[PDB]
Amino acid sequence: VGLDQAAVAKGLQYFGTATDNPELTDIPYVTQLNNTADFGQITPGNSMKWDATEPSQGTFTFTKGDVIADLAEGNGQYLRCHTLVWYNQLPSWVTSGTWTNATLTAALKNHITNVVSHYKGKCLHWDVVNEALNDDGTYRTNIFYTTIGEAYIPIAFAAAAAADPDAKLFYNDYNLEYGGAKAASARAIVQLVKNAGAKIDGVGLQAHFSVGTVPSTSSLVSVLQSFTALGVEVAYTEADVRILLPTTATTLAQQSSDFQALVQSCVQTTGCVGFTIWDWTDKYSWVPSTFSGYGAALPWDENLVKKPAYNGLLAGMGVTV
């Protein structure tokens, strides 16, 4: 039994993975990325972001995004399209522009209409707005927030809904799994979009963790239910469990338990629709280039060989290992 087979047997829509264009020349890697027993869903890690899709104002480039979309379509995998609005990976014409509310609003809507229209009908989900919150649940400053104010959030959701009524529109963020101030502010963003009369269908919980900081399965279920209570779906969108190198048998076992708890929380929760890992092999993980001294965060090692966490994920989906 593979991870996606295990997931669908427990009522999830998918088990899936992010990938990135540079990795697709690695044939042993793509062979496993194309293994639909394990991966029912793909996220483009970078090539649908604003710097990749609109590198100058009004000029759209989809070649690299379409490689990932076409690979998912070729495999019959779902696509999570990622991400329209975010402080990071913006081109300089957005960050350095001389904007007014009106002109940046128009440029925002035009970006979203062009990208969402291009992929219309291809995207199970869109991450429409990514990481709009500071750690304390205030709004993260970015040029949209300083120019348009918090209205940029419902504006973005309304523009995506108009261009592709069939895509489920997500708000995506990290550290919501702890509850507290940041999760409360994520629920406030859901209510802001509903108050504005705009569509929002989901909250994405990225599930970037350091090993040993994942709470109990029941704690996670409670937090997921705090979002499904609002009438949105949830999903774990970018899961990884980073270890301060070097690894030991103890931290590999804790990593397995941590992944196991995360996927079982999704299995238990009505309205948690799926689970995505942020790539699948340590060879291509973002973690070392982001979290200094950390690594080995994923269920396959840098030689594409299963780690204990692969069986932890299966155990969290009720499979006898």
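All residue numbers refer to positions in the sequence shown, first residue = 1.
J.: Hey, which bit's got the bigger mean C-alpha B factor in the entry, 88-96 or 71-79?
T.: The stretch with the larger average C-alpha B-factor is 71-79.
J.: Would you mind comparing 6-14 and 293-301 for me and telling me which has the higher average C-alpha temperature factor in the entry?
T.: The recorded data point to 6-14.
J.: Just the C-alpha B-factor column, please: which of 212, 204, 179, 165 has the biggest number?
T.: Going by the entry's C-alpha B-factors, 165 comes out highest.
J.: From 187, 122, 242, 111, which pick has the Cα B-factor that tops the rest in the entry?
T.: Highest C-alpha B-factor among the listed options: 122.
J.: Report the third (lowest, middle or highest) to which the CA temperature factor of residue 208 belongs, ranking only the modelled residues of the same chain.
T.: Answer is lowest: the recorded C-alpha B-factor places it there.
J.: Hey, what third does residue 50 fall into on Cα B-factor, ranked over its chain?
T.: Lowest third - that is where residue 50 ends up once the chain's C-alpha B-factors are sorted.
J.: C-alpha B factor of residue 143, ranked within the chain: lowest, middle or highest third?
T.: As the PDB entry reports it, the C-alpha B-factor of residue 143 lands in the middle third of its chain.
J.: Pull the Cα B-factor of residue 30 out of the PDB entry and bin it into the chain's lowest, middle or highest third.
T.: It belongs to the highest third of the chain when residues are ordered by C-alpha B-factor.
J.: Could you say whether, by C-alpha temperature factor, residue 278 belongs to the lowest, middle or highest third of its chain?
T.: Ranked within chain, residue 278 CA B lands in the lowest tercile.
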